[PDB]
Amino acid sequence: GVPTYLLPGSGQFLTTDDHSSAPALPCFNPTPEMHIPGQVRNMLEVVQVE
Amino acid sequence: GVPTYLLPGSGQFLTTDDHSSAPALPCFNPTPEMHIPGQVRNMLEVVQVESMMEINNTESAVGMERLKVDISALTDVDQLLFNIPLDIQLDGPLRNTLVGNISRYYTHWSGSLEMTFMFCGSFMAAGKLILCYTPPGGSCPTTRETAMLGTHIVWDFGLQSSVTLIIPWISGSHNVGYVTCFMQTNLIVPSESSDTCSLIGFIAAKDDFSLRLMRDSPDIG
Amino acid sequence: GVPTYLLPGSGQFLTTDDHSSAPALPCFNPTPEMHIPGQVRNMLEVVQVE
Amino acid sequence: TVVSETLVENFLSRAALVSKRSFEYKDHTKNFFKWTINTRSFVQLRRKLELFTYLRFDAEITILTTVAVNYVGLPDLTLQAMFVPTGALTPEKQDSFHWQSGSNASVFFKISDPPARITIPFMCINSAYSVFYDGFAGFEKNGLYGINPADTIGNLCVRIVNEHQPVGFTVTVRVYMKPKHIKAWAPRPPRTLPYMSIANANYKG
Amino acid sequence: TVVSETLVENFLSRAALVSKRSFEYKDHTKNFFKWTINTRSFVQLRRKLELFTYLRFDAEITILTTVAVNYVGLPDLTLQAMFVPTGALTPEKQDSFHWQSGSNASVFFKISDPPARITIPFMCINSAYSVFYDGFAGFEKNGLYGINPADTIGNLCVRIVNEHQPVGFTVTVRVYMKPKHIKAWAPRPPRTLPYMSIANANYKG
Amino acid sequence: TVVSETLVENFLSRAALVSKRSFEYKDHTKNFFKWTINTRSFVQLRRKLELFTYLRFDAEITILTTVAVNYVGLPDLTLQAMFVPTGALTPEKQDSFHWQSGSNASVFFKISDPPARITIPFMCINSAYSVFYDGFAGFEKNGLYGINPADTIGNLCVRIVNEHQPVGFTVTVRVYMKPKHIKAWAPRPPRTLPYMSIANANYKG
Amino acid sequence: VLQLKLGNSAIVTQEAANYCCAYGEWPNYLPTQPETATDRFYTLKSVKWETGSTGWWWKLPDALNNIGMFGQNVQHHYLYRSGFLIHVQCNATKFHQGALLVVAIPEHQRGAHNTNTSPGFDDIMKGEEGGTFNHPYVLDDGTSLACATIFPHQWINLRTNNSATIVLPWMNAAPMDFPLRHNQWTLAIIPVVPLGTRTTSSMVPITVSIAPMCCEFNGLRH
């Protein structure tokens, strides 16, 4: 196939890493998202309140 | 998925390799870059700046007077002032400079150098000198005329206060060159001025000076 | 990431294989190539000489 | 002296240890653990999530297994991590079939390997999880206060695949959970007072 | 006898060992080390960086672990390398939770594997690091000379995940740091005189 | 009975063992080897390269490590292969820092793994290597005959990273070199007569 | 001959052309200003330069801590960023010989000889009085004077030019800095060639002027 070589630090577990992993329960559709008042997308909106 | 096989030498740690690795702290924005004067993107810009050669290196020479060469009015005609070896690895006047200290991190060095001499004596000092260069394996001059067979210039104290010397592309890696200076005439100074004057040598690098093959600095301290 | 599986004979060292490997001294420029008389690109040119 | 990272997605998402347990194994001549994988146990993640009311996220579970010594050397055990969703009754007759039923999702991993990493999707009847639930459990009329039957993810069940191995080594299992796709609603005040119990909001002061 | 590589990026970037420590482990019936990962300790990299005033780079940390023998055989330990950023106070009550807090970035790696490699970003209040700082630490009016509180990267904390293993082997950890994205300003003269102390510029001669 | 492969690139390029050494290791209560990686030692590659005068190629070094037995079992050692380029003086004070200096290129590899493979670039003052050099070494006027100081690649230095391990096993290291990007000039006659010494062209007959 | 007039005062100086810009830049404004309040050149105390003079150093703004109008704004506001125009004029006759190296050392960490003890507050910040080089050959920081030319510098030779003008922009990692704490630049006059004369001992005065041109201030208090 495609020859590959392992880079230094391969296989380690990082706490801050972001990657996609295999899902545990495939073919499962979560409940759709109803509109909920007060959606907070940023922590600064909470801080700006007196 | 995609079948793959491990190549020989996979998983080893190389010191000189360049690859991308997973960041330690994601979603972190470093401080933006303010404009800082004197951005240096190349090590040759530091080398091209002129530096002080120490010509006074001798026995019992320590401190500030190692940068100057004393010339009195009692000297005779045709006396050797000094000689400057061009070897970077060995210790000449060039041991600690801007071109020397950076070249000690490398091995092969090729390029044309430059030397600038400045006379720090009084305004009324008269007389002339001679400035000569020695080619590699150039039969180092006994007195005078042997130095004249090469590139030379007659420099006067009164007319020119500075020296511009272009040396043609020395070479070295891991006795070749030299600089010979003599007394053309006697040093003429008035009664009120001091008898002893001095000089300060300088060296820089041209635009063709090149470097490569990084290594470790031989001087630990 | 991209799921992969090891093929039979992966990791072995072959004598006749040709592949790219990590360079030992990066950011090093070799000496340029001057023209040298008598460039031989094939072993048959040596054989054809009497 | 002298908004990208301030986002809620980066704020709530971090790798933390929500379960720490080590079972004693020397000579049995059983070995297993199950827990509801809830955020009220670990104290730093609890108050971290007490700031918001409703939360929508996909739990990402990673199991890290380390073997200690109580020179022999460390053999390589085979472990099975099974997730039991809410609604599956557990009449345990161990040594026989519940674990191996094809309904529950299971994963196999060795001791020396990249840590097993699975992503649990969003399982709820409602739109999002309820951290603060004012009411009682089900309709019992006096039913339990402070626990909503509507939100239960399930139990994480892990056992060793191999039979009894004649060693005195203790297996230590660490479970980390980093949520993803986090959506926040109704921020609340932080709770300064210590936690007396994880079952309710009672304070000491 | 007889400009690509001369660039600053290739000149300052090299793999060097900035920390060397080996803790004695035989019988404890603790084991850990933390250090400020500074360039003033290793003598060749110090003078290498004394040439320039301000520097901007991203530190790339790689931990290499080797186990010696004081025939049993080498078991495979699990190690945890955690980076503690500046501003996190360290009230160490070991055997309990600070290491495992989800705020600090941690990485897990075995003995036999590719060396763990992480890239630390640029963390500063100002635009670039200060190698030469003329002034005093904070405002104490007599505060410490030669140390700028504005620039501190943090402490690198590494411990073994597994519990005590009954072996007499000594674990040797090597930490290499190769900077990337290097930006230079204000080149200075080299220092020929030896280093008396790493805390200041005093010379002997 | 009864031009692609005839090319010089395929003719000179083959995997051969240019260095064979095994150091005796039992009880030291040092271990290392360095060599100039030259083609005049191995007899089949020498005459292979004696056909041509000047050669331009990039050496590809691969280190194969095997451990013999003098049942315990084979532990996994960590080895460090460092390349020392020409011009680096070697004042060896072992147990301290020269090996770990960031200037020289080093590589780390375990016993069980794909063999460590590095590609050495073309390092020369002139355009190509000189197999046949008519003259003397440097300018000493009587300087050594038959050796050109202009062409020296360097020394290959390999040591074990871990400390002394209490085993009686002997480590065997094999170094293979396959040149690539080969350019040939001035073919010469083959040498039928045996090699008396590797330092010069003297023949016996 | 040419007078340089900045503000309400001025000083007779040599013809000023092609002045040295440190690292090839000039102190522009950060992308009120003291072009009036604190503007004019502040002339420090003239130092007596003899044959055995090792040198002198004035950190910026160490000599300016309390000077004239500028001494008020030092402790008055919270932060500032300021450029500097330094003109060092050394008056002497044609019978005197010597050389003076005026160099600006950015981020100068001082040091001591044969001890590990770090200098105190009074040793670093001397105010307007200024210090004296202990070992000017090693610059007191451990480096060498031969390669010290890498910084911005000008040469004062009693033959060619008896004065020098060096312009220093704002050099810092932060956009603003603390007045009484950190010293961004350093002004040093290095007598590479000592004095010589017919008489045993003479006296050559040196005049130093510094203009905080194109600066700002923030954090009004008091």
# chains A, B, ... in the order shown; residues from 1 in each chain; ligands from 1
$ residues_around --residues "segment 17-25 of chain D" --least-positions-apart "5" --cutoff "6 Å" --atoms "only C-alpha atoms" --output "PyMOL selection string"
chain D and resi 42+170+172+174-176
$ write_last_selection --atoms "C-alpha atoms" --output "short mmCIF file (atom, residue, chain, number, x, y, z; two decimals), in the first residue's frame"
data_model
loop_
_atom_site.label_atom_id
_atom_site.label_comp_id
_atom_site.auth_asym_id
_atom_site.auth_seq_id
_atom_site.Cartn_x
_atom_site.Cartn_y
_atom_site.Cartn_z
CA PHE D 42 -15.22 15.01 40.40
CA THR D 170 -3.08 -4.67 40.78
CA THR D 172 -5.41 0.52 37.76
CA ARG D 174 -8.38 5.65 34.59
CA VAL D 175 -11.33 7.05 32.63
CA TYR D 176 -11.09 10.52 31.08
#
$ interface_residues --of "chain B" --to "chain A" --cutoff "9 Å" --atoms "only C-alpha atoms" --output "PyMOL selection string"
chain B and resi 2-14+19+21-26
$ write_last_selection --atoms "C-alpha atoms" --output "PDB file, in the first residue's frame"
ATOM      1  CA  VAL B   2      -5.712   2.301   3.573  1.00  0.00           C
ATOM      2  CA  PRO B   3      -3.152  -0.533   3.944  1.00  0.00           C
ATOM      3  CA  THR B   4       0.289   0.745   4.935  1.00  0.00           C
ATOM      4  CA  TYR B   5       3.642  -0.817   5.793  1.00  0.00           C
ATOM      5  CA  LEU B   6       6.393   0.542   8.023  1.00  0.00           C
ATOM      6  CA  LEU B   7       9.536   1.730   6.249  1.00  0.00           C
ATOM      7  CA  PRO B   8      13.004   0.951   7.648  1.00  0.00           C
ATOM      8  CA  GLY B   9      13.879   3.513  10.291  1.00  0.00           C
ATOM      9  CA  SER B  10      10.314   4.293  11.380  1.00  0.00           C
ATOM     10  CA  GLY B  11       9.730   5.578  14.898  1.00  0.00           C
ATOM     11  CA  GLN B  12      13.300   6.776  15.436  1.00  0.00           C
ATOM     12  CA  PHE B  13      14.045  10.204  16.909  1.00  0.00           C
ATOM     13  CA  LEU B  14      16.199  12.429  14.694  1.00  0.00           C
ATOM     14  CA  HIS B  19       7.904  17.961  11.281  1.00  0.00           C
ATOM     15  CA  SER B  21       3.526  17.938  16.150  1.00  0.00           C
ATOM     16  CA  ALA B  22       0.328  18.203  18.158  1.00  0.00           C
ATOM     17  CA  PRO B  23       0.092  21.528  20.040  1.00  0.00           C
ATOM     18  CA  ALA B  24       0.144  21.446  23.829  1.00  0.00           C
ATOM     19  CA  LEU B  25      -2.395  24.239  24.472  1.00  0.00           C
ATOM     20  CA  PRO B  26      -5.026  24.532  21.718  1.00  0.00           C
TER      21      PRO B  26
END
$ select_by_dssp --residues "segment 16-168 of chain E" --states "alpha helix (DSSP H)" --output "ChimeraX atom specification"
/E:43-49
$ write_last_selection --atoms "N, CA and C atoms" --output "tab-separated table (two decimals), in the first residue's frame"
chain	number	residue	atom	x	y	z
E	43	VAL	N	24.83	25.13	28.81
E	43	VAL	CA	25.82	26.18	28.59
E	43	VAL	C	25.96	26.51	27.11
E	44	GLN	N	25.80	25.51	26.24
E	44	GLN	CA	25.99	25.76	24.81
E	44	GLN	C	24.79	26.48	24.21
E	45	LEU	N	23.58	26.19	24.69
E	45	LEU	CA	22.40	26.88	24.19
E	45	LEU	C	22.27	28.28	24.78
E	46	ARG	N	22.75	28.49	26.01
E	46	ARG	CA	22.74	29.81	26.62
E	46	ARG	C	23.49	30.81	25.76
E	47	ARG	N	24.81	30.63	25.64
E	47	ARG	CA	25.62	31.50	24.80
E	47	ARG	C	25.10	31.54	23.37
E	48	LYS	N	24.47	30.45	22.91
E	48	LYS	CA	23.83	30.46	21.61
E	48	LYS	C	22.73	31.51	21.55
E	49	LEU	N	21.98	31.68	22.64
E	49	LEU	CA	20.90	32.65	22.70
E	49	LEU	C	21.31	33.97	23.33
$ interface_residues --of "chain D" --to "chain E" --cutoff "7 Å" --atoms "only C-alpha atoms" --output "ChimeraX atom specification"
/D:2,14-17,66-74
$ write_last_selection --atoms "N, CA, C and O atoms" --output "PDB file, in the first residue's frame"
ATOM      1  N   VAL D   2       0.162  44.561  31.440  1.00  0.00           N
ATOM      2  CA  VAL D   2      -0.103  45.065  30.096  1.00  0.00           C
ATOM      3  C   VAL D   2       0.463  44.142  29.018  1.00  0.00           C
ATOM      4  O   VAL D   2       0.415  44.459  27.829  1.00  0.00           O
ATOM      5  N   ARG D  14     -12.275  20.053  28.346  1.00  0.00           N
ATOM      6  CA  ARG D  14     -10.950  19.744  28.861  1.00  0.00           C
ATOM      7  C   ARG D  14     -10.939  18.286  29.295  1.00  0.00           C
ATOM      8  O   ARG D  14     -11.984  17.698  29.589  1.00  0.00           O
ATOM      9  N   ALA D  15      -9.744  17.702  29.336  1.00  0.00           N
ATOM     10  CA  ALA D  15      -9.574  16.315  29.744  1.00  0.00           C
ATOM     11  C   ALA D  15      -9.415  16.249  31.258  1.00  0.00           C
ATOM     12  O   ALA D  15      -8.471  16.822  31.814  1.00  0.00           O
ATOM     13  N   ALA D  16     -10.336  15.555  31.918  1.00  0.00           N
ATOM     14  CA  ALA D  16     -10.308  15.386  33.362  1.00  0.00           C
ATOM     15  C   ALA D  16     -10.646  13.945  33.709  1.00  0.00           C
ATOM     16  O   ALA D  16     -11.286  13.230  32.933  1.00  0.00           O
ATOM     17  N   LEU D  17     -10.210  13.520  34.893  1.00  0.00           N
ATOM     18  CA  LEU D  17     -10.423  12.153  35.354  1.00  0.00           C
ATOM     19  C   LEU D  17     -11.689  12.121  36.200  1.00  0.00           C
ATOM     20  O   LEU D  17     -11.712  12.649  37.318  1.00  0.00           O
ATOM     21  N   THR D  66      -3.222   1.022  33.706  1.00  0.00           N
ATOM     22  CA  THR D  66      -1.860   0.852  34.189  1.00  0.00           C
ATOM     23  C   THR D  66      -1.826  -0.292  35.190  1.00  0.00           C
ATOM     24  O   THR D  66      -2.760  -0.467  35.978  1.00  0.00           O
ATOM     25  N   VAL D  67      -0.746  -1.068  35.157  1.00  0.00           N
ATOM     26  CA  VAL D  67      -0.577  -2.233  36.020  1.00  0.00           C
ATOM     27  C   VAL D  67       0.580  -1.956  36.969  1.00  0.00           C
ATOM     28  O   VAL D  67       1.692  -1.639  36.527  1.00  0.00           O
ATOM     29  N   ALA D  68       0.321  -2.080  38.268  1.00  0.00           N
ATOM     30  CA  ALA D  68       1.336  -1.858  39.282  1.00  0.00           C
ATOM     31  C   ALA D  68       1.908  -3.193  39.759  1.00  0.00           C
ATOM     32  O   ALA D  68       1.519  -4.269  39.297  1.00  0.00           O
ATOM     33  N   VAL D  69       2.846  -3.123  40.699  1.00  0.00           N
ATOM     34  CA  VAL D  69       3.503  -4.299  41.257  1.00  0.00           C
ATOM     35  C   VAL D  69       3.369  -4.252  42.773  1.00  0.00           C
ATOM     36  O   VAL D  69       3.733  -3.250  43.400  1.00  0.00           O
ATOM     37  N   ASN D  70       2.851  -5.328  43.355  1.00  0.00           N
ATOM     38  CA  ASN D  70       2.685  -5.410  44.802  1.00  0.00           C
ATOM     39  C   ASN D  70       3.801  -6.233  45.434  1.00  0.00           C
ATOM     40  O   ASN D  70       3.850  -7.454  45.281  1.00  0.00           O
ATOM     41  N   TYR D  71      12.621 -10.265  39.711  1.00  0.00           N
ATOM     42  CA  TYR D  71      11.685  -9.458  38.938  1.00  0.00           C
ATOM     43  C   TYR D  71      10.827 -10.339  38.034  1.00  0.00           C
ATOM     44  O   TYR D  71      11.347 -11.092  37.210  1.00  0.00           O
ATOM     45  N   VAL D  72       9.510 -10.240  38.201  1.00  0.00           N
ATOM     46  CA  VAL D  72       8.587 -11.063  37.422  1.00  0.00           C
ATOM     47  C   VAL D  72       8.408 -10.494  36.020  1.00  0.00           C
ATOM     48  O   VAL D  72       8.749 -11.138  35.020  1.00  0.00           O
ATOM     49  N   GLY D  73       7.873  -9.287  35.929  1.00  0.00           N
ATOM     50  CA  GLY D  73       7.544  -8.668  34.664  1.00  0.00           C
ATOM     51  C   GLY D  73       6.040  -8.585  34.452  1.00  0.00           C
ATOM     52  O   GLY D  73       5.253  -9.351  35.013  1.00  0.00           O
ATOM     53  N   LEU D  74       5.643  -7.627  33.613  1.00  0.00           N
ATOM     54  CA  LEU D  74       4.238  -7.306  33.428  1.00  0.00           C
ATOM     55  C   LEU D  74       3.682  -8.048  32.225  1.00  0.00           C
ATOM     56  O   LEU D  74       4.088  -7.756  31.089  1.00  0.00           O
TER      57      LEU D  74
END
$ atom_distance --atom1 "atom CA of residue 24 of chain C" --atom2 "atom CA of residue 63 of chain E"
20.5 Å
$ atom_distance --atom1 "atom CA of residue 196 of chain F" --atom2 "atom CA of residue 146 of chain F"
14.5 Å
$ closest_residue --among "B:69, B:186, B:170, B:148" --to "chain E" --atoms "only C-alpha atoms"
B:170
$ interface_residues --of "chain C" --to "chain E" --cutoff "10 Å" --atoms "only C-alpha atoms" --output "JSON, numbers by chain"
{"C": [26, 27, 28, 29]}
$ residues_around --residues "segment 32-42 of chain C" --least-positions-apart "4" --cutoff "12 Å" --atoms "only C-alpha atoms" --output "PyMOL selection string"
(chain C and resi 46-48) or (chain F and resi 3-12+51-57+122-129+181-188)
$ write_last_selection --atoms "N, CA, C and O atoms" --output "compact mmCIF listing (two decimals), in the first residue's frame"
# COMPACT_ATOMS: atom_id res chain seq x y z
N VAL C 46 31.59 2.26 -21.38
CA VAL C 46 32.90 1.76 -21.01
C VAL C 46 33.21 0.46 -21.74
O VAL C 46 34.36 0.20 -22.12
N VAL C 47 32.19 -0.37 -21.97
CA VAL C 47 32.40 -1.66 -22.62
C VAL C 47 32.69 -1.49 -24.10
O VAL C 47 33.50 -2.23 -24.68
N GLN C 48 32.04 -0.52 -24.75
CA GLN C 48 32.23 -0.31 -26.19
C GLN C 48 33.63 0.15 -26.55
O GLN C 48 33.99 0.10 -27.74
N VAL F 3 18.73 -0.83 -22.56
CA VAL F 3 19.87 -0.36 -21.78
C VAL F 3 19.50 -0.01 -20.35
O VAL F 3 20.34 0.52 -19.62
N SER F 4 18.26 -0.28 -19.94
CA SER F 4 17.73 0.26 -18.68
C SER F 4 18.60 -0.12 -17.49
O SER F 4 19.07 0.76 -16.75
N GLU F 5 18.83 -1.41 -17.28
CA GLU F 5 19.57 -1.85 -16.10
C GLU F 5 21.06 -1.58 -16.20
O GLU F 5 21.74 -1.54 -15.16
N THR F 6 21.59 -1.36 -17.40
CA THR F 6 23.02 -1.12 -17.56
C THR F 6 23.46 0.25 -17.06
O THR F 6 24.66 0.54 -17.05
N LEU F 7 22.52 1.11 -16.66
CA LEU F 7 22.84 2.47 -16.23
C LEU F 7 23.75 2.48 -15.01
O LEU F 7 23.73 1.55 -14.20
N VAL F 8 24.55 3.54 -14.88
CA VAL F 8 25.49 3.65 -13.77
C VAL F 8 24.76 3.77 -12.43
O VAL F 8 25.23 3.27 -11.41
N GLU F 9 23.59 4.41 -12.43
CA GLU F 9 22.84 4.61 -11.20
C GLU F 9 22.47 3.27 -10.56
O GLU F 9 22.59 3.09 -9.34
N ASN F 10 22.01 2.32 -11.37
CA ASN F 10 21.65 1.01 -10.84
C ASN F 10 22.88 0.15 -10.58
O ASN F 10 22.82 -0.79 -9.78
N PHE F 11 23.99 0.45 -11.25
CA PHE F 11 25.18 -0.39 -11.14
C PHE F 11 25.90 -0.17 -9.81
O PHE F 11 26.22 -1.13 -9.10
N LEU F 12 26.14 1.09 -9.44
CA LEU F 12 26.89 1.38 -8.22
C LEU F 12 26.03 1.32 -6.96
O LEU F 12 26.59 1.23 -5.86
N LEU F 51 36.62 1.69 -10.16
CA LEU F 51 36.42 1.76 -11.60
C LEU F 51 36.35 3.21 -12.07
O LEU F 51 36.70 3.51 -13.22
N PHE F 52 35.90 4.10 -11.20
CA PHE F 52 35.67 5.50 -11.54
C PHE F 52 36.59 6.40 -10.73
O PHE F 52 37.06 6.03 -9.65
N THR F 53 36.83 7.59 -11.26
CA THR F 53 37.74 8.55 -10.62
C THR F 53 36.98 9.43 -9.63
O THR F 53 37.16 9.30 -8.41
N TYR F 54 36.14 10.33 -10.13
CA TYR F 54 35.35 11.21 -9.30
C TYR F 54 33.92 10.69 -9.19
O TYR F 54 33.36 10.19 -10.17
N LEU F 55 33.35 10.80 -7.99
CA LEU F 55 32.01 10.30 -7.72
C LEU F 55 31.23 11.33 -6.92
O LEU F 55 31.77 11.98 -6.02
N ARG F 56 29.94 11.47 -7.24
CA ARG F 56 29.03 12.36 -6.53
C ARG F 56 27.82 11.55 -6.11
O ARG F 56 27.06 11.08 -6.97
N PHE F 57 27.62 11.40 -4.81
CA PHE F 57 26.51 10.60 -4.30
C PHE F 57 26.18 11.04 -2.89
O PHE F 57 26.98 11.68 -2.21
N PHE F 122 25.48 15.62 0.51
CA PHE F 122 26.80 15.72 -0.11
C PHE F 122 27.56 16.87 0.55
O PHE F 122 27.20 18.04 0.37
N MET F 123 28.61 16.54 1.29
CA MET F 123 29.43 17.52 1.99
C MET F 123 30.82 17.50 1.38
O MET F 123 31.58 16.54 1.57
N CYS F 124 31.16 18.55 0.64
CA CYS F 124 32.48 18.66 0.05
C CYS F 124 32.79 20.12 -0.22
O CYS F 124 31.89 20.95 -0.37
N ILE F 125 34.09 20.43 -0.28
CA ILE F 125 34.52 21.74 -0.75
C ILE F 125 34.49 21.79 -2.27
O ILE F 125 34.11 22.81 -2.87
N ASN F 126 34.87 20.70 -2.92
CA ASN F 126 34.94 20.62 -4.37
C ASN F 126 33.61 20.09 -4.92
O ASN F 126 32.62 19.96 -4.19
N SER F 127 33.59 19.78 -6.22
CA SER F 127 32.35 19.36 -6.86
C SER F 127 32.00 17.90 -6.58
O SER F 127 30.81 17.56 -6.52
N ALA F 128 32.99 17.04 -6.40
CA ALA F 128 32.73 15.62 -6.21
C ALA F 128 33.87 14.99 -5.42
O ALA F 128 34.96 15.57 -5.29
N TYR F 129 33.61 13.79 -4.90
CA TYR F 129 34.63 13.05 -4.17
C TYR F 129 35.77 12.66 -5.09
O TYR F 129 35.61 12.52 -6.31
N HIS F 181 21.66 9.02 -6.12
CA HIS F 181 21.98 10.16 -6.98
C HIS F 181 23.44 10.12 -7.42
O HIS F 181 24.20 11.09 -7.26
N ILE F 182 23.84 8.98 -7.98
CA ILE F 182 25.24 8.73 -8.29
C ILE F 182 25.57 9.33 -9.65
O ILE F 182 24.86 9.10 -10.64
N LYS F 183 26.66 10.09 -9.71
CA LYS F 183 27.15 10.69 -10.95
C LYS F 183 28.60 10.27 -11.13
O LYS F 183 29.40 10.39 -10.20
N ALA F 184 28.94 9.78 -12.32
CA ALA F 184 30.24 9.19 -12.58
C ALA F 184 31.03 10.01 -13.59
O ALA F 184 30.46 10.66 -14.47
N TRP F 185 32.35 9.95 -13.46
CA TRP F 185 33.26 10.60 -14.39
C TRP F 185 34.56 9.82 -14.46
O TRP F 185 34.99 9.21 -13.47
N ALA F 186 35.19 9.84 -15.64
CA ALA F 186 36.51 9.28 -15.88
C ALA F 186 36.63 7.83 -15.43
O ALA F 186 37.26 7.55 -14.40
N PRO F 187 36.04 6.89 -16.16
CA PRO F 187 36.19 5.47 -15.78
C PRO F 187 37.63 5.02 -15.95
O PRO F 187 38.35 5.47 -16.85
N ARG F 188 38.06 4.11 -15.08
CA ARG F 188 39.44 3.66 -15.08
C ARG F 188 39.52 2.14 -15.26
O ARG F 188 38.48 1.47 -15.28
$ closest_atom_pairs --of "chain E" --to "chain G" --cutoff "6 Å" --atoms "only C-alpha atoms" --output "CSV"
residue,atom,partner,partner_atom,distance
E:126,CA,G:174,CA,4.9
E:127,CA,G:173,CA,5.2
E:128,CA,G:173,CA,5.8
E:132,CA,G:107,CA,5.5
E:133,CA,G:107,CA,5.8
E:134,CA,G:109,CA,5.5
E:135,CA,G:182,CA,4.2
E:142,CA,G:121,CA,5.7
E:189,CA,G:148,CA,5.5
E:190,CA,G:143,CA,5.7
E:191,CA,G:143,CA,3.9
E:192,CA,G:143,CA,5.9
E:193,CA,G:142,CA,5.7
E:201,CA,G:111,CA,5.1
E:202,CA,G:111,CA,4.2
E:203,CA,G:142,CA,5.4
E:204,CA,G:114,CA,4.1
$ closest_atom_pairs --of "chain B" --to "chain E" --cutoff "6 Å" --atoms "only C-alpha atoms" --output "CSV"
residue,atom,partner,partner_atom,distance
B:11,CA,E:114,CA,5.1
B:15,CA,E:15,CA,5.1
B:22,CA,E:118,CA,5.8
B:23,CA,E:119,CA,4.7
B:24,CA,E:120,CA,5.3
B:30,CA,E:122,CA,5.4
B:31,CA,E:127,CA,5.9
B:33,CA,E:127,CA,5.5
B:38,CA,E:185,CA,5.5
B:39,CA,E:185,CA,4.7
B:40,CA,E:184,CA,5.5
B:41,CA,E:8,CA,5.5
B:42,CA,E:7,CA,4.2
B:43,CA,E:6,CA,5.7
B:171,CA,E:2,CA,5.6
B:172,CA,E:1,CA,5.6
B:212,CA,E:5,CA,5.9
B:221,CA,E:194,CA,4.2
$ interface_residues --of "chain A" --to "chain C" --cutoff "8 Å" --atoms "only C-alpha atoms" --output "list in words"
residues 1, 19, 20 and 21 of chain A
$ closest_atom_pairs --of "chain G" --to "chain B" --cutoff "6 Å" --atoms "only C-alpha atoms" --output "JSON lines"
{"residue": "G:23", "atom": "CA", "partner": "B:38", "partner_atom": "CA", "distance": 4.7}
{"residue": "G:94", "atom": "CA", "partner": "B:123", "partner_atom": "CA", "distance": 5.7}
{"residue": "G:95", "atom": "CA", "partner": "B:193", "partner_atom": "CA", "distance": 5.3}
{"residue": "G:96", "atom": "CA", "partner": "B:122", "partner_atom": "CA", "distance": 5.8}
{"residue": "G:97", "atom": "CA", "partner": "B:122", "partner_atom": "CA", "distance": 4.4}
{"residue": "G:98", "atom": "CA", "partner": "B:120", "partner_atom": "CA", "distance": 5.5}
{"residue": "G:99", "atom": "CA", "partner": "B:120", "partner_atom": "CA", "distance": 5.9}
{"residue": "G:137", "atom": "CA", "partner": "B:64", "partner_atom": "CA", "distance": 5.6}
{"residue": "G:146", "atom": "CA", "partner": "B:52", "partner_atom": "CA", "distance": 4.4}
{"residue": "G:147", "atom": "CA", "partner": "B:97", "partner_atom": "CA", "distance": 5.0}
{"residue": "G:149", "atom": "CA", "partner": "B:51", "partner_atom": "CA", "distance": 5.8}
{"residue": "G:159", "atom": "CA", "partner": "B:123", "partner_atom": "CA", "distance": 5.2}
{"residue": "G:196", "atom": "CA", "partner": "B:194", "partner_atom": "CA", "distance": 5.5}
{"residue": "G:197", "atom": "CA", "partner": "B:194", "partner_atom": "CA", "distance": 4.6}
{"residue": "G:198", "atom": "CA", "partner": "B:192", "partner_atom": "CA", "distance": 4.9}
$ select_by_dssp --residues "segment 21-68 of chain B" --states "strand (DSSP E or B)" --output "PyMOL selection string"
chain B and resi 23+39-40+42+51-53
$ atom_distance --atom1 "atom CA of residue 33 of chain F" --atom2 "atom CA of residue 217 of chain B"
23.7 Å
